[PDB]
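Colleague: Need a 3D model of the following:
(chains A, B, C, D, E and F)
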Amino acid sequence: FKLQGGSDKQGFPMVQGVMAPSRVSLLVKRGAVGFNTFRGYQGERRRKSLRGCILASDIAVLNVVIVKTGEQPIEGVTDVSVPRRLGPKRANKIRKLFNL
Amino acid sequence: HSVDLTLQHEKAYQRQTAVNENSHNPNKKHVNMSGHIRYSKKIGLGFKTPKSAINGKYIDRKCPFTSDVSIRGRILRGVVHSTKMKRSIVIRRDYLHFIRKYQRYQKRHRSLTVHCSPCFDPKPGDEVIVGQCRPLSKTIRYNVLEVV
Amino acid sequence: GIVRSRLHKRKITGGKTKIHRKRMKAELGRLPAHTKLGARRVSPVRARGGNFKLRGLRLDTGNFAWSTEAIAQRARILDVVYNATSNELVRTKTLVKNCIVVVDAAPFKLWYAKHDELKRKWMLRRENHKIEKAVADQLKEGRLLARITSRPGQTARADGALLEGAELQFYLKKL
Amino acid sequence: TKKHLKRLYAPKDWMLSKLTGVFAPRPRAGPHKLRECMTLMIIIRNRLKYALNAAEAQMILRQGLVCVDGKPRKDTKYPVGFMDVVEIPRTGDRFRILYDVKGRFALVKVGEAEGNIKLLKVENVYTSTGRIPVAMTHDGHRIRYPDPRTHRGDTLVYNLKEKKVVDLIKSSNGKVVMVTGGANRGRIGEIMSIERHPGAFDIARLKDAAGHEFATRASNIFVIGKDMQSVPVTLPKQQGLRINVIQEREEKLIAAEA
RNA sequence: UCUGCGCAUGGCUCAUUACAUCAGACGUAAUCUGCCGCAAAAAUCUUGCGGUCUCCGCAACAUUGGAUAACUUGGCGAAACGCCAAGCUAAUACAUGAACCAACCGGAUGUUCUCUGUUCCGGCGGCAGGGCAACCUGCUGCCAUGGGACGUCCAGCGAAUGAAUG
RNA sequence: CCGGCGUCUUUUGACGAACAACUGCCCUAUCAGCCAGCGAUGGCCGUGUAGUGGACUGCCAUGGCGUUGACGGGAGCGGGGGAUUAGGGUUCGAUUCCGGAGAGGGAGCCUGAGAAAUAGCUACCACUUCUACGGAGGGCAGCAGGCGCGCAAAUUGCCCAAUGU
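Modeller: Numbers count the residues shown, from 1 in each chain, chains lettered A, B, ... in the order given. Dropping the coordinates below:
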């Protein structure tokens, strides 16, 4: 598995770039993972509190991605395929997809 | 060419930035200063150019005659209060304000500072004419066109 | 922040201005850019005109010009000999307008040798031409003294003109 | 940046009232200045009366039924200053705005081939890139390739049918000339003399027909024609002659007895 | 929901404040300026197919590429105009890129050949002799106030510097 | 085959922004000297800014202002204008229009052509609101309305039909 993200028991995200086994307050721009993209005016930063990259016992949830797959299947994940929501809307992609 | 060290005392040199005068030629030799390269500029409101500017040597970047400094809206007159400071004089205008209630005038003077071109050097009590130029120091906005 | 104003300053009467207004963003200093020698690094800043101006840091090359013949070539900036403003500046080899400097001088040499169809053009250009002595001695050795006549701190390009006799003779004697 | 205007601070050459409303329209920037212009909505509503309300003026203009300079406009607010031909093809009428005597905007009605004529005063001339000369006007129009005889403060006859410039007219000598601004508006006369004061405004002395000389600034001169019998364009309701206060009052009474 | 535009205007309040602020007149040749108006625009080696070495030959409404939200799925937190992972997929968002079409204007030129200067004051190249290796002498070829033909390189707008013009 | 929109860059009129100056402005001398270490006045070279400039660095010079009241203090947003007067004047201007400044007190900042914006952001201070106390917020001198205050001042109403944006 590769680790990805997850949160504190106060909902506050983990940040890969921040290094702490603790929570600190930092300036967080819109495009960062501590503050949503679509809130506020163009060109802004706020002060949000959040957690570092280093794990401890304060984690409620941890999100991963499978990279290598074991010999023991785990339900709802490696036993299940879910199709794409939408097919391509670009012309040239239809030509790569059906190979026509 | 060659240096004139009468002008120079600076650690930066001084040159005229309008026109190159630093070219070597034998055309600046056997002449007082007349054959030497200069920049000259007319002031077209009836202020006749001096001889000194045209044929001179002097390097100043804060007079309209040897620089791109320009003469604009206001033109005033005033005497000489003092000649003190280097290339800066002190002019005193005097006029009359009127008061309606007493139907009688009063004398009120503006003591003002000006940048006097090194061409001119008027004595105390002389009358000066002064134009409207871009800022040149904190207080100085004027320049000396002519002297009476 | 930093401001450019007469409203924190004493008057001609020795009195003090009194305020009633918080400072504008129209009036606005910024910290000076330090152009030196070393690898070129250029950090833009956005300005009030809706355009960018470029902060020269550490320019080691300039576009230099030889007077009188109406030419120019690039060459490498090596040293700063002199400056009007301070001695301190010169020692750190900061580049700011009206510093005398030192350049590679190589392209100028090359050029001047080019200054059968070709061959007779040379002989015509050799005629009615001469050069100052103090110039040519230096130009032989492969070093020269020049001045930087563009401000590098707000364009991030350092351009200069090469000293000629009248002015050269002054800066020389100051060393 | 200003985006609001109040009725009082707006011109009363637009003939707004003190009461009724609080705001007046601030037009989008264009050929003409804020004081000398008159906005579309004002014209259509308060004068022509093809609209009774603001919203009705949007209805007409956004749609498009109205042209100025012969170009159709989808603009709600646009300036209309001086020597502008406006044409509503639905009515089939061609107005040419001017300055009437007594400081009033004139709306004068023209033959159809006159509405392709226009007169623009030149402000500056300058050479632009490629050595291409340019006359820049008081309506902001750029005349490429003007005649080599062009000078500041001269008029250029301007075809709106297809864009170019035929022969000019100069401000030189005595010529039939009219005033813009300065409260001698719409008054027409010959140039008697042109005084010079360098570094300051250049006075000119005009003499209208049936004498009565006067003085107005060079800046406020706008040429009409070579002569009064060589004029290219129409005059407003009064010919460019003012009358004494007494005579105004007299005539007002005489007509009121009908 | 992404994208574009506006939200700095209107509205409200007089605390600071006397060479301040404001009013009349005046300048910005000392500068910026979205929207609006009249206008301007000739740099650009690209695309597709076939063979084929990353190379050529043809063809020419130019036939361009890659993600991200809503959404879906797992969710977190006492609450929060607080937030996380994975999977999706758009463009007048973002990133690329236009040969031919193509006018006109010059300079640098080339070890390209064609007229040429019916002479010698100069230069250059080669060979021989002597040499203090600095240099001299003799002989041969080419060029000298010139224009054609052919080849090569730089050339646009905006900005920087020097020089000439204005 | 043609039409209408949309956009890049360049160019200059317009709408504005930002500076500077000529002239004018209440009381007080029991406020008469004021200004320069750390810029006061000017010159010289640079730096910075969209730009001019002691705006700022370095170097050099010793100036600048004052009984025609500088400097300091008190009262006060400025003007158009209001009241009263035969005339001359006297007095008012918080307030509809224009100009400036401010958004609890201060400072700093981003974005944008334009802001040092505050129903934008960051910090401190004085207050102040939620929280299973781990944290998270608030800024009415916008309209109503409430508390306080003082001799003293309106409805938690209806509408975008009009006038503008």
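
Colleague: Count residues in the vicinity of residue C:10, would you?
Modeller: 10 (other C-beta atoms under 10 Å in any protein chain shown). Every residue, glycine included, has its C-beta placed from N, CA and C.

Colleague: what about the nearest residue to it once chain neighbours are set aside, how many neighbours?
Modeller: Excluding the flanking residues, the one nearest residue C:10 by C-beta to C-beta, 6 or more residues apart in numbering or on different chains is residue C:16, at 6.2 Å. Residue C:16 has 10 neighbouring residues, counting by other C-beta under 10 Å.

Colleague: now the one 3 residues further on
Modeller: The criterion is other C-beta under 10 Å. On that basis, residue C:19 has 9 neighbouring residues.

Colleague: Nearest to the middle of chain C, which residue? Look it up for me.
Modeller: Within chain C, the residue whose C-alpha comes closest to the C-alpha centroid is residue C:148; the distance, by C-alpha atoms, centre = their mean, is 1.9 Å.

Colleague: so it touches residue C:157, yeah?
Modeller: No - with contact defined as C-beta atoms under 8 Å, residue C:148 does not reach residue C:157; the gap is 10.3 Å.

Colleague: Domains of chain D: list them as residue ranges, please.
Modeller: D:1-113, D:118-168, D:171-242 (curated CATH domains).

Colleague: so the residue nearest to residue C:10 makes contact with residue C:7?
Modeller: No - in this structure, residue C:16 is not within contact of residue C:7 by C-beta under 8 Å, at 10.1 Å.

Colleague: and residue B:9, how far is that from residue C:174?
Modeller: According to C-beta to C-beta, to the nearest Å, residue B:9 and residue C:174 sit 12 Å apart.

Colleague: Those two: which is more packed in?
Modeller: Comparing residue B:9 with residue C:174 by other C-beta under 10 Å, the one with more neighbours is residue C:174, at 13 against 7.

Colleague: Can you give me the distance of the more buried one to residue D:19?
Modeller: 79 Å.

Colleague: what's residue C:141 in contact with, if anything?
Modeller: By C-beta atoms under 8 Å, 6 or more residues apart in numbering or on different chains, the contact list for residue C:141 reads residue C:105.

Colleague: follow-up on the earlier one: report how many residues lie close to the closest residue to the residue nearest to the centre of chain C other than its chain neighbours.
Modeller: Distance criterion C-beta to C-beta, 6+ apart; nearest residue to residue C:148, sequence neighbours excluded, is residue C:160 at 4.1 Å. Look at residue C:160: counted by other C-beta under 10 Å, it has 25 neighbours.

Colleague: And for residue D:21?
Modeller: Using other C-beta under 10 Å, residue D:21 has 11 other residues around it.

Colleague: Could I get the full set of strands for chain B?
Modeller: B:75-82, B:89-99, B:104-114, B:127-132, B:142-147 (DSSP state E).

Colleague: Out of those strands, flag the one nearest chain C.
Modeller: strand B:104-114 (8.0 Å; C-beta to the nearest C-beta).

Colleague: Run the chain-centre distance for the closest one.
Modeller: Its chain's C-alpha centre and that of strand B:104-114 lie 23 Å apart, by C-alpha atoms, centre = their mean, to the nearest Å.

Colleague: same question, stretch A:37-51
Modeller: Centroid displacement of stretch A:37-51 relative to its chain, using C-alpha atoms, centre = their mean, is 17 Å.

Colleague: Give me the buried positions along that stretch.
Modeller: Neighbour-count burial for stretch A:37-51, counted by 16 or more other C-beta atoms under 10 Å in any protein chain shown, picks out A:50-51.

Colleague: what's the span of that stretch from first residue to last?
Modeller: Using C-alpha to C-alpha, to the nearest Å, one end of stretch A:37-51 lies 19 Å from the other.

Colleague: got a list of contacts for that stretch?
Modeller: Counting by C-beta under 8 Å, 6+ apart, A:7-8, A:12-15, A:18, A:20, A:22-31, A:34-35, A:58 sit against stretch A:37-51.

Colleague: mind listing which of these are in helices?
Modeller: Among these, no member is found in helices (DSSP state H).

Colleague: Just the buried residues of those.
Modeller: For those, a neighbour count by 16+ other C-beta under 10 Å gives the buried set as A:7-8, A:13-15, A:18, A:23, A:26, A:28, A:30, A:34-35.

Colleague: Filter these down to just the ones in strands.
Modeller: Among the buried ones among the contacts of stretch A:37-51, the members found in strands (DSSP E) are A:7-8, A:23, A:26, A:28.

Colleague: Show me what stretch B:112-127 is in contact with.
Modeller: B:50, B:52-53, B:56, B:58, B:60, B:62-63, B:65, B:77-83, B:87-93, B:128, B:130, B:136-137, B:139-140, B:142-144, B:147-148, C:12.

Colleague: Helix, strand, or coil at the residue nearest to residue C:148?
Modeller: strand (DSSP: H, G, I helix; E, B strand; the rest coil).

Colleague: Show the contacting residues for it.
Modeller: C:62-65, C:101, C:103, C:146-150.

Colleague: Over in chain A, which residue gets nearest chain B? Let me know.
Modeller: Closest point on chain A to chain B, by C-beta to the nearest C-beta, is residue A:43, at 35.1 Å.

Colleague: Wait, a helix at residue D:134?
Modeller: No - applying three-state DSSP, one finds residue D:134 to be strand, outside a helix.

Colleague: Might you enumerate the residues of chain A proximal to RNA strand E?
Modeller: By C-beta under 7 Å from any atom of the strand, the residues of chain A that approach RNA strand E are A:4-14, A:33-39, A:41-42, A:48, A:60-61, A:63-65, A:82, A:84-93.

Colleague: ok, 6 Å please
Modeller: Contact residues (C-beta under 6 Å from any atom of the strand) of chain A with RNA strand E: A:4-7, A:9-11, A:13, A:33, A:35-36, A:38-39, A:41, A:60-61, A:63, A:65, A:84-86, A:88-90, A:92-93.

Colleague: Which of those fall in strands?
Modeller: With strands taken from DSSP E, the overlap with the residues of chain A next to RNA strand E comprises A:4-7, A:60-61, A:63, A:65.

Colleague: In the stretch 151-258 of chain D, what residue lies closest to chain C?
Modeller: residue D:199 (28.4 Å).

Colleague: show me what contacts the residue lying closest to that residue once chain neighbours are set aside?
Modeller: Excluding the flanking residues, the one nearest residue D:199 by C-beta to C-beta, 6+ apart is residue B:45, at 4.8 Å. Listed by C-beta under 8 Å, 6+ apart, the contact set of residue B:45 reads B:71, B:75, D:198-199.

Colleague: Now do the phi/psi pair for residue B:45.
Modeller: Torsion angles at residue B:45 (phi, psi; degrees, to the nearest 10) stand at phi -90, psi 10.

Colleague: Tell me which helix or strand the nearest residue to residue B:46 once chain neighbours are set aside sits in.
Modeller: Excluding its sequence neighbours, the residue lying closest to residue B:46 (C-beta to C-beta, 6+ apart) is residue D:198, at 7.8 Å. Assessed by DSSP states H and E, residue D:198 sits outside every helix and strand.

Colleague: Surely residue D:198 touches residue B:71?
Modeller: No - here residue D:198 lies out of contact with residue B:71, judged by C-beta under 8 Å, at a distance of 10.8 Å.

Colleague: and these two? which has more neighbours close in?
Modeller: Higher neighbour count among residue D:198 and residue B:71: residue B:71, with 19 against 8, using other C-beta under 10 Å.

Colleague: Pull up the overlap in contacts between residue C:148 and residue C:157.
Modeller: With C-beta under 8 Å, 6+ apart as the test, residue C:148 and residue C:157 both reach residue C:62.
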